[PDB]
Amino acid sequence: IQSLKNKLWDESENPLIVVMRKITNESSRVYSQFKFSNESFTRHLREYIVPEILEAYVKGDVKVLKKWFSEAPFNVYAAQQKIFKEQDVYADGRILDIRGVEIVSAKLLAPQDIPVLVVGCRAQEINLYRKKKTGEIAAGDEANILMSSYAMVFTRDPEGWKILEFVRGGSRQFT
């Protein structure tokens, strides 16, 4: 049934189609726009950009993410920080391994015609928070290893790129 695919589409919490919903709700003119090569900048994402953004996103680093993140996604990140400020607790987490770092989609959207690159990856990390003064764990485990999933909407300037939309999720992969 077509209804089952439709239900699965707008009900799944995989970062990639979460992102895909808010771009839509062909790829030929996208790759010619930037000129650089897809394959040459795929490993350049995996080399520097992705690890540098992830460890920043995990530790709670705002000054670096303010650069990469656009006006709206950074706002929704800073708003997530309020609660941690309110609970008087700080982010103490790190990223162990980042495997799965490739460019899936390439599309342009409704407001004007901004070209966009969609980057998906899986990461391995622990997520814990310590009390601002006692340095004691408030929430989160080290013993527990977390398998996260990511979807980044990239754009270019006509340091380097900008994140148009970002989402942390959970990978079904055990490693």
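Start at 1 with the first residue shown and count on from there.
Visitor: Just how many deposited residues go unmodelled from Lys63 to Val64: none, 1 to 3, 4 to 9, or 10 or more?
Guide: The entry leaves nothing out here.
Visitor: Using none, 1 to 3, 4 to 9 or 10 or more, say how many deposited residues go missing between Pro158 and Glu159.
Guide: Gap size class: 4 to 9 residues without coordinates, per the record.
Visitor: Which is higher on average in the deposited entry, the C-alpha temperature factors of 1-9 or of 164-172?
Guide: Per the PDB record, 1-9.
Visitor: Got a sec? Mean C-alpha B-factor, which is higher, 109-117 or 55-63?
Guide: According to the PDB entry, the answer is 109-117.
Visitor: Going by the recorded CA B-factors, say which third of the chain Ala72 sits in, lowest, middle or highest.
Guide: It belongs to the middle third of the chain when residues are ordered by C-alpha B-factor.
Visitor: Would you mind checking where the Cα B-factor of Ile98 ranks among the modelled residues of its chain, as the lowest, middle or highest third?
Guide: Within its chain, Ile98 is a middle-third residue by C-alpha B-factor, going by the deposited values.
Visitor: Which third of the chain does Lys131 land in by C-alpha B-factor: lowest, middle or highest?
Guide: Lowest third.
Visitor: Going by the recorded CA B-factors, say which third of the chain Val19 sits in, lowest, middle or highest.
Guide: Lowest third of the chain for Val19's C-alpha B-factor.
Visitor: Just say lowest, middle or highest third for the CA B-factor of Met147 relative to the other modelled residues in its chain.
Guide: Middle third of the chain for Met147's C-alpha B-factor.
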